[PDB]
Amino acid sequence: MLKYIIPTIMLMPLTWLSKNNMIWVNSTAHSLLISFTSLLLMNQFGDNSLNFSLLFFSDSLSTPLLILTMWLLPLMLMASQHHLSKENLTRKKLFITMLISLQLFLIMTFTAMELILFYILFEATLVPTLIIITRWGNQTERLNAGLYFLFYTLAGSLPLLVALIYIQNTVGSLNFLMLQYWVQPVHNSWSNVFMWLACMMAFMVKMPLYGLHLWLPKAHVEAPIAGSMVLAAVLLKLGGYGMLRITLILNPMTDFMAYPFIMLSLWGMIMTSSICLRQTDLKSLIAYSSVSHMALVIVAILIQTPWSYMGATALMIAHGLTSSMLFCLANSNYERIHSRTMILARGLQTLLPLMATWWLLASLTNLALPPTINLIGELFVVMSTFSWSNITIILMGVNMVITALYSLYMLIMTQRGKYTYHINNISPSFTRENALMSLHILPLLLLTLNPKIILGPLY
Amino acid sequence: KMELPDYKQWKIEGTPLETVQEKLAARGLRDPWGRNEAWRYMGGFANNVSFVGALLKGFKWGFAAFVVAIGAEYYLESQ
Amino acid sequence: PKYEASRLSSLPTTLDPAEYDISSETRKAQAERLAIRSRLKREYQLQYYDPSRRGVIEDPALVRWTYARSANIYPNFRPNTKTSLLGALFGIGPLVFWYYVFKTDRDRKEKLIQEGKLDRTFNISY
Amino acid sequence: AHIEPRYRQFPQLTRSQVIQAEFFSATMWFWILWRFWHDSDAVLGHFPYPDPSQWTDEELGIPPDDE
Amino acid sequence: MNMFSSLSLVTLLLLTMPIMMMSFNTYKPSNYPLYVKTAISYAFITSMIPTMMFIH
Amino acid sequence: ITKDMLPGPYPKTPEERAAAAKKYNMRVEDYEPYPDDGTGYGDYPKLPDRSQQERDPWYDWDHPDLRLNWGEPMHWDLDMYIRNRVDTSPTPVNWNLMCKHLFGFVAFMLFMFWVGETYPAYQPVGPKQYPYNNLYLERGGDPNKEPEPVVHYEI
Amino acid sequence: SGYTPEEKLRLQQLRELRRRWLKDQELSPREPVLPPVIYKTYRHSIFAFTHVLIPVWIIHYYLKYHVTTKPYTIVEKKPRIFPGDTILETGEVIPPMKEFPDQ
Amino acid sequence: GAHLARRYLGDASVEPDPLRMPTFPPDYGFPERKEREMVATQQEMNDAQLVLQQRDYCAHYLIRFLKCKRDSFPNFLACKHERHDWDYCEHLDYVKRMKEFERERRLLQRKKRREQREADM
Amino acid sequence: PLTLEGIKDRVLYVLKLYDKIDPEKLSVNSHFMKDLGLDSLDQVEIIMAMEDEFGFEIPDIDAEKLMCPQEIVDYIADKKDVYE
Amino acid sequence: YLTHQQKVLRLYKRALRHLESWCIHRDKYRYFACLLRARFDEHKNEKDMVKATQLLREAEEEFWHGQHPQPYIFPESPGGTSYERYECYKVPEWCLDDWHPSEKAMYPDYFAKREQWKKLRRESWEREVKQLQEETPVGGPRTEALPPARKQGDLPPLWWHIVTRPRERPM
Ligand SMILES: CCCCCCCCCCCCO[C@@H]1O[C@H](CO)[C@@H](O[C@H]2O[C@H](CO)[C@@H](O)[C@H](O)[C@H]2O)[C@H](O)[C@H]1O
Ligand SMILES: CCCCCCCCCCCCO[C@@H]1O[C@H](CO)[C@@H](O[C@H]2O[C@H](CO)[C@@H](O)[C@H](O)[C@H]2O)[C@H](O)[C@H]1O
Ligand SMILES: CCCCCCCCCCCCO[C@@H]1O[C@H](CO)[C@@H](O[C@H]2O[C@H](CO)[C@@H](O)[C@H](O)[C@H]2O)[C@H](O)[C@H]1O
Ligand SMILES: CCCCCCCCCCCCO[C@@H]1O[C@H](CO)[C@@H](O[C@H]2O[C@H](CO)[C@@H](O)[C@H](O)[C@H]2O)[C@H](O)[C@H]1O
Ligand SMILES: CCCCCCCCCCCCO[C@@H]1O[C@H](CO)[C@@H](O[C@H]2O[C@H](CO)[C@@H](O)[C@H](O)[C@H]2O)[C@H](O)[C@H]1O
Ligand SMILES: *C(=O)CCCCCCCCCCCCC
């Protein structure tokens, strides 16, 4: 992985040694080059994973997450350079360095072979993310969003540290390849119940699990655009990625330990989908929509079937591109009217025709129109949970209905109707904004042509 | 630019608006907007077909074209 | 037959007994309400028609609404009988209901499989 | 245009619309008459419907009561 | 089989072509509606060939 | 927008009530908060629970699509009462009577369908007859076994 | 229930302005200033060549040399065989049916 | 029509059951009863690919009609006589079913009438 | 494609087929009450006849103010963007 | 808000439109419209306000009973089939300010005349604001009514968005 870690590190000196007016041009160009080289990770074999060294490995789960991670960095830079135009040079460079260090921690997190190395990098992501929200967020509530984000995570992550260290003493190793061969069954007992909870609660907060989700709408409403993009596209998937790995060593206890969390997710998805119908804040609506989408991922990971694990991987990738695109769409309005209220600016299709097309495609992916990978992943989970229990099709089906209702409510409210009379600063869409939207949707729709590369190791 | 037909030609006499004028006159009442509706009862609008007549549109020629056809079919049926 | 108003079908204004009876006190209130409306309309129009204004006319009414619908709720929330009873009847009850629905269904199906009575002849995708 | 609007008067018509309308109306009535002359069975039934009460007990194989 | 399966697929491909042209590869806004109508008419003709083979 | 122009806690004294009414651009006699349960309404006014569809369409609204004026207090559930959602307009038929007639019609149909299923219509004919042991082989019967011979006679 | 003297005057003043604004929406003669049967058959022959012939060549090549070279990609319902038919491949003749009774 | 009023509104013990008929032996009151003759063989109906519901005692007329249709293409107004012959064979097949219903009814009536003779005695 | 004179021509045409109005006294400026002797119930019927004529609704608040043929012409012209 | 006379005349207009929805045919409508007029004429000269208000309330109850459940609506009226049909084509005039120079170059004459209107709007603004200030009661405006221009060369205060509003058929 050094062929990705080192060039990522080199982006830091490139930014700092760039001419004053070239920090955005240079960092975007070379972060796009790194993204290009990340396709070499697609050398995945049918039986064995791609095991580089004693530290890093890549398989069909981490590969799409890595390619999404390295793709987001250039997008985040394009999305951030407008509202940062008045910032002084040193602070712009510092902002870019936080984004680069986040990519460094993320690519290492997804390929770490040892679970304690995964833990340290999984926690290292907190620092740059917290700094981005609290330093470059816009409103007073960003300080409280930083604290809720920090302490929710640590509240669950510290028990995980104790459980992982305990596992290493008992088993002798935390190397994931070794755990595949040395794993032993977990027998029922109160000690193993809390070991299960310690192993999983940290990842549940990251998803976030319904009930532990209140930090997420706070973080999004206060975060800058790049903060929201990485939070929604990638950081939430750390929890799903961690669960997909740690569940290996929790069988068969997961058979009954899963039940309370499946009920929270199955009912939570309906509650959070219905909440989206009444949200007044556009960023808060999209943040609540992610909770509904990740409720599916939690259920898929917990029921532990080949179809559900493939659906989870497709859903995690599809949601990342879609949710990030929705934030970028909402932000483009915000940079004009400087408000997040959904009802403030209406009928925008009359004033920004092409931008209204991006809104349509993002909405269509959000409600999982076939054959988008949003639908492929969601359909696979529905197929697998029906076999788990036929009754679940009622909840899954109802959630499909509510999801279409709130996705199109968002589209109809902002794009259709009559434009607000007194809003007269809706300037035409910039090339930067249109390119930013197209760099989300185009890769998303292309992936429909070759879904196998985002279906994970169970494919 | 547009030419409006003379307004004096609109008279209720000889139309069902005259029947209303007699039914109202019995009660002491009178209808002041009668001539405003008279165009709908005169001219090319004076006489419209009944429902049966609307269905039988084209029956006369469809019948003649049919009497010939069966007549021709019978003639060939004897050759 | 009198009109029977409902939550989703308001009483027609023309059938409201209040409207036809207008006292001087009521007419005073109606004038006072029109004074507020006119004052706000002028304050809006002097910005709306300003030729040099490019941007959004901030509406404190809209700001108050979005603020109330989120930020102002917890500070004015009190845990009494009503809040806990609603809080527990719709925040933990559904989870219990679904747990028993799904646990009962899965236990029934697990028993059938273990006796070989559930038909899974062609079932090799899960 | 070729057809100008009128006020309170029957509209101006073209020959083409009137003749084409009459052709397809007479075409319909010829088609119904022609089809009926040949395929009245499609309307009135294709085969006779027997009256079961007119079937003897010999052919139905009903034995006499004293048996 | 070679004529049946080929014509049955050209009907569907023919319908997509006005959509693809609208990516400005060859753009004729002057009478796009006439273009779309013409494509439907040709698709109708080419679909009647496999229909006739089925009826036969 | 200052803190004094934002929603606050439930108004306890008449002086606070007068301040709330002025803050929300309402007459003090018209202003009325939600009940001081623990539901978190604060001092936000409780306005009539009416659809925006019920509002006069001819008046020159500042927001003609919403039928709102700039500065006027928004109903707590304004987003539910937009013209695309819940309508509360008066109806030509009483709400209770509509529910009776709709329910009665559906209930009667369901009953009659049960009757029709219990006493079905059919023609006076015996079963349709098929050759070769009621098409035993065609229907998928096992060739090796022997079906019971189905025999149909002339009549 | 009529206009007041000041309502009449304002309405008249806005009327004059509104009609002058509408008149100014008419385009001048030069606007827009733009930057610098056998025909029927020809236009229909070229449409058939590029929208039917070329696609059918592409599809036929695709089906003949790429799709039908793989098993079970194009599967046909086998032809119906009736009594008295002759099979082309083998030359076999299907027998006629048992003789019908009168009816 | 009429038969449904008798069963649902009148005596139903003397009325045929469409779902259980016949309930009397096919040789009851029928000395030497002949079997129905199938003209088309199983292989002929299998190769003609007849829909299973069409593989009845009139299948030979349907096979002959289907062959004519293919041979007469594109003339789709031909094969009228072949089609009618199949239609007529199906009409007689239906009339036979009508007789089985009437036979069952009269045997049910004869039986109940015989029980009263026994019930009276 | 209405014109200012066209609207006036039809507004007077309708009023000349109204039996309560003398067709010779009627002019564009005739006040319906002061000059033609009609009442407020008559005025409602006139406005309804103008809505039928031009096929669009004049709301009551606006309709109650149209007290002469010229005012109706000005209202219709303004509503339909007629400037010539 | 509405006087007694206003309420009666609105009821008369409303009743006739619903009556017409029932009658459909013109000769039938003319007959029953004259009977309905004669019912309003029976109490035209009723001078007792309490008696008159009683008649109005009962008439409104009688209207509600006999109203058409599906009255005719003019197509462009609120609730009509063409209501707001053309809103999507109504683009505000300020959008032209954001046009690219190559786009404006295609309409040199229109955009020259647009500059004059913007010039007229700029020069008139201060007088409109001044006039509104000096004619508004101390407490604030009591009604939404606006004044005309008083001097030659002055434009009526707050005219731009009325005068330059989109055309009713903007395309
Ligand atoms: C004993 C071991 C020590 C190892 C040290 C190895 C590196 C030593 C580097 C010394 C030269 C640094 O040069 C110094 O830094 C920057 C970066 O070029 C220069 O100037 C810089 O200005 C701006 C941003 O700062 C940019 O246009 C660009 O980055 C550069 O031109 C300074 O004008 C120069 O004074
Ligand atoms: C479930 C596992 C994770 C649980 C983690 C929970 C630990 C606490 C995390 C957030 C810590 C934030 O620290 C503090 O929290 C309280 C409320 O919680 C905030 O308090 C906020 O709400 C209170 C009342 O509700 C106000 O009086 C206060 O003005 C406001 O700041 C503080 O502003 C914040 O400084
Ligand atoms: C969101 C929160 C989710 C919380 C989920 C809570 C899960 C609850 C799991 C209950 C099962 C716990 O694990 C269970 O504990 C009991 C002791 O009580 C253990 O019992 C063990 O010790 C007892 C001592 O009395 C013996 O009698 C018993 O024979 C032995 O099995 C079981 O070995 C184990 O099956
Ligand atoms: C994967 C299969 C892809 C097959 C690729 C085949 C490539 C053939 C390139 C042909 C390019 C035609 O490009 C497109 O054709 C239409 C019709 O012909 C033309 O359109 C023009 O002709 C039509 C005729 O009905 C009229 O609407 C009008 O005269 C005009 O629009 C334009 O020229 C262009 O819009
Ligand atoms: C071919 C179609 C076949 C299916 C036809 C089905 C029609 C069946 C309709 C059943 C529903 C009838 O429902 C019934 O209506 C009448 C009429 O108001 C109501 O009758 C009652 O309400 C009215 C109105 O308030 C009052 O005058 C009085 O209280 C009473 O008459 C009953 O309260 C209701 O129960
Ligand atoms: C005799 O074959 C009757 C055929 C069906 C008649 C349907 C007409 C309407 C309902 C009457 C059916 C009788 C139900 C017992």
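For neighbour counting, all protein chains shown are included, and Cβ atoms are generated from backbone atoms with ideal geometry for every residue, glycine included. The numbers here are math on the coordinates, done by the rules we state, and not lab data.
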Calculated from DSSP H runs of 4 or more alone, at -39500 (n - 2.57) each and per residue, what is the 222 nm mean residue ellipticity of chain C, nearest 500? -17500 deg cm²/dmol
Selected from C:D105, C:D59, C:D50 as most flexible by GNM, with chain C as the system and alpha-carbon contacts under 10 Å: C:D105
Could you give P(r) for chain F, binned at 10 Å from zero, as whole percent values over all Cα-Cα pairs? 8, 19, 17, 12, 8, 7, 8, 9, 8, 3, 0
Per DSSP H run of at least 4 residues, take -39500 (n - 2.57); add these up for chain A, divide by its residues and hand me the 222 nm value, nearest 500 deg cm²/dmol. -23000 deg cm²/dmol
Most packed first (mean Cβ within 10 Å per residue), the peptides A:160-171, I:41-52 order as I:41-52, A:160-171
Simple spin-label model, 7 Å along Cα-to-Cβ: G:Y3 to F:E32 in nm? 4.2 nm
In nm, to one decimal, how far is the modelled label at A:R278 from the one at A:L449, with both set 7 Å along Cα→Cβ? 4.5 nm
Spatial extent of chain G: Rg and Dmax, with the Cα atoms as the point set, Å: 38.7, 107
Write down the Å³ per residue value for the convex hull defined by the alpha carbon atoms of the range C:17-126. 385 Å³
Check the straight Cα-Cα distances from F:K22 and name the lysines below 28 Å, setting aside those fewer than 8 residues away within the same chain. C:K28, C:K41, F:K3, F:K12, F:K46, J:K130
Taking every residue in C:9-21, how many Cβ atoms of other protein chains lie within 10 Å of its Cβ, on average? 5
Any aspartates and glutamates with Cα under 12 Å of the H:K34 Cα? List them, leaving off those in the same chain fewer than 8 positions away. F:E154
Please report the base-10 log of the normalised intensity I(q)/I(0) for the range G:13-70, using a Debye sum with one equal scatterer per alpha carbon and no solvent, at each q in 0.15, 0.16, 0.25 (1/Å). -0.71, -0.74, -0.94
Given a Förster radius of 60 Å and the C-beta distance between F:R55 and A:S173 as r, what FRET efficiency does 1/(1 + (r/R0)^6) yield to the nearest 0.05? 0.30
Hz values of 3J(HN,Hα) by residue in the range F:30-41 - Karplus curve (6.51, -1.76, 1.60), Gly and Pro given as x: 7, 5, 7, x, 5, x, 6, 6, x, 7, x, 6
Normalised by the number of residues in chain A, what is the relative contact order in percent for Cα pairs under 8 Å and 6+ residues apart? 15 percent
Please list A:7-16, D:1-10 highest first by mean number of surrounding beta-carbon atoms within 10 Å per residue. A:7-16, D:1-10
Give me the distance between the Cα centres of the range A:426-459 and the range J:82-152, rounded to whole Å. 43 Å
Counting only chymotrypsin sites (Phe, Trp or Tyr not before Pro) that are in a DSSP loop and have at most 16 other C-beta atoms within 10 Å, tell me the longest site-free stretch of chain H. H:29-75
Under a cut-off of 17 Å between alpha-carbon atoms, report the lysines in cross-link reach of J:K90, not counting same-chain residues fewer than 8 places apart. A:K418, I:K79, I:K80
With just the Cα atoms of the range A:50-192, tell me how far they stretch along each of the three principal axes, in Å, largest first. 58, 35, 20
Using the Karplus curve 6.51 cos²θ - 1.76 cosθ + 1.60 with θ = phi - 60°, what ³J(HN,Hα) values do you get for each residue of the range C:95-102, in whole Hz, with x for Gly and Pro? 5, 5, 4, 5, 4, 6, 4, 6
Please give me, ordered by residue number, the chymotrypsin sites (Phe, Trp or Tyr not before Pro) of the range F:79-125 that lie in loop per DSSP and have at most 16 other Cβ atoms within 10 Å. F:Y122
Just grab the label-to-label distance for A:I5 and F:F103, each label 7 Å out from Cα along the Cβ direction, in nm (one decimal). 7.0 nm
Note down the Stokes-Einstein diffusion coefficient of chain D in µm²/s, whole number, using a Kirkwood radius over alpha carbon pairs, 4 °C, and 1.567 mPa s. 70 µm²/s
Hz values of 3J(HN,Hα) by residue in the range B:68-75 - Karplus curve (6.51, -1.76, 1.60), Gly and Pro given as x: 5, 4, 5, x, 5, 5, 5, 4
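Give me A:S265, B:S50, A:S101 ranked fewest to most by other Cβ atoms within 10 Å of their Cβ, as a rough exposure proxy.
So the residues, fewest neighbours to most, are B:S50, A:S101, A:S265.
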For the range C:1-106, which trypsin sites (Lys or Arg not before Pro) pass both filters: DSSP loop (anything but H, G, I, E, B) and at most 16 other C-beta atoms within 10 Å? C:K2, C:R7, C:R53, C:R54
Residues in the range I:46-84 near a label at J:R169, defined as backbone nitrogen under 12 Å from the 7 Å Cα→Cβ point? I:80-82
Check the protein assembly as shown for me: any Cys whose beta-carbon has no other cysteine beta-carbon within less than 4.7 Å? A:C199, A:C276, A:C328, F:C99, I:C68, J:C23, J:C34, J:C88, J:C95
Chain J, Gaussian network, Cα under 10 Å: of J:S124, J:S21, J:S102, the residue fluctuating most is J:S102
Hey, what's the per residue convex hull volume over the C-alpha atoms of the range A:361-459, in cubic angstrom? 115 Å³
Running Debye on chain A with equal point scatterers at the Cα sites and no solvent, what base-10 log of I(q)/I(0) appears at q = 0.08, 0.11, 0.14 Å⁻¹? -0.43, -0.84, -1.41
The range H:31-121: which GluC sites (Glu not before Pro) are DSSP loop and have at most 16 other beta-carbon atoms within 10 angstrom? H:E32, H:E37
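If you count, for every residue in D:29-40, the Cβ atoms of partner chains within 10 Å of its Cβ, what is the mean?
4
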I need J:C88, H:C79 ordered by Cβ neighbour count within 10 Å, fewest first. J:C88, H:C79
For a quick check: with amide H placed at 1.01 Å from N, whose amide H comes under 5 Å from F:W76's, ignoring anything fewer than 5 positions away on the same chain? F:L47
Arrange the peptides G:44-55, A:237-248, J:38-49, A:131-142 so that the one whose residues have, on average, the most other Cβ atoms within 10 Å appears first. A:237-248, A:131-142, G:44-55, J:38-49
Counting residues in the protein assembly as shown as N, plug N into 2.2 N^0.38 Å and put the Cα Rg over that result. 1.20
Listed pairs J:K118/J:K151; J:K13/J:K51; I:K34/J:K28; B:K23/C:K2 exceeding 30 Å between Cα atoms: I:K34/J:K28; B:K23/C:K2
Would you list G:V93, G:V37, J:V129, I:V14 from fewest to most Cβ contacts within 10 Å? G:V37, G:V93, J:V129, I:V14
Average partner chain C-beta neighbours within 10 Å, per residue of A:342-348? 4
